[PDB]
């Protein structure tokens, strides 16, 4: 019954997200290559650490031009299923929207390595110039599709394991749904679908939720899957305790009066969204050449 209701609001993470191999292998390399960053110190992996729930464990960091400022890095895990992929911005901008190393540099970098040259060859069989920014992205994309975490306790229960979750955890599921959370944090990723004119801020609880300066400016209701592994929380990454994050959100213009037990249960439910982490072998990155652009410095 509750499952019937839950089934109407969420989806489970599939065994595998919807060349292919060499396409993934190329992506893995690019994803783990720090030379793809202007400074040569950051690789996707650095901030979307596959060993840390696909995050960097820091309050904030900066790695994309679109970024509106230092933001808490979201997990790469299951990120492929997100329809809303940004933290914040003006609604119009974000709708049409969906650091330094220009596509020129990237292509050059990749271009400069024999390993990458043959790697792109395998990944894209009949192209005269398989080394193109677009393919570069597609490859990384392929790999990212690999970073999914199926079989979370929640997914198990959703599929029928009446005993996959505890009483409290189910109570948290009901309260989560009933309290209004699911209205923004839904979908296969329990979030990552839409933006809202709200953001959590620290006061000079130490944090509150306040409307954006303009209703047109919005923040993304992030995917809660694996959240137990992606601390700190909120765009600022200032709240480190999951229980408190649930709390600052429950007790706000967004949720409703919730008691300590109730809060505890929703957060208990949230821990239920941690899925089996991808086992990823660190790829052996191709050797650099004299033509390979040197790191920032």
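Positions refer to the first chain, counted from 1.
Undergrad: Which class fits the unmodelled deposited stretch between residue 126 and residue 127: none, 1 to 3, 4 to 9, or 10 or more?
TA: According to the record, the chain runs unbroken from residue 126 to residue 127.
Undergrad: According to the PDB entry, how many deposited residues between residue 18 and residue 19 are absent from the model (none, 1 to 3, 4 to 9, 10 or more)?
TA: Some 4 to 9 residues are missing between them.
Undergrad: Please compare 140-148 with 100-108 and say which has the higher mean C-alpha temperature factor in the record.
TA: It is 100-108.
Undergrad: State which stretch shows the higher mean Cα B factor in the entry: 53-61 or 249-257.
TA: In the deposited entry, the stretch with the higher C-alpha B-factor mean is 249-257.
Undergrad: When you compare the CA B-factors of 190, 77, 119, 175 as listed in the entry, which one comes out on top?
TA: Checking the PDB record, the top C-alpha B-factor among 190, 77, 119, 175 is at 119.
Undergrad: Looking at the entry's B-factor column for C-alpha atoms only, identify whether residue 72 ranks in the lowest, middle or highest third of its chain.
TA: Its C-alpha B-factor, which the entry lists for residue 72, ranks in the lowest third among residues of this chain.
Undergrad: Taking the chain's C-alpha temperature factors as the reference, tell me which third residue 133 falls into: lowest, middle or highest.
TA: According to the entry, residue 133 has a C-alpha B-factor in the chain's highest third.
Undergrad: Using the temperature factors of the C-alpha atoms in this entry, rank residue 90 within its chain: lowest, middle or highest third.
TA: Residue 90: CA B-factor falls in the highest third of its chain.
Undergrad: Against its chain's modelled residues, does residue 225's Cα B factor rank lowest, middle or highest third?
TA: Its C-alpha B-factor, which the entry lists for residue 225, ranks in the lowest third among residues of this chain.
Undergrad: Report the third (lowest, middle or highest) to which the CA temperature factor of residue 200 belongs, ranking only the modelled residues of the same chain.
TA: It belongs to the lowest third of the chain when residues are ordered by C-alpha B-factor.
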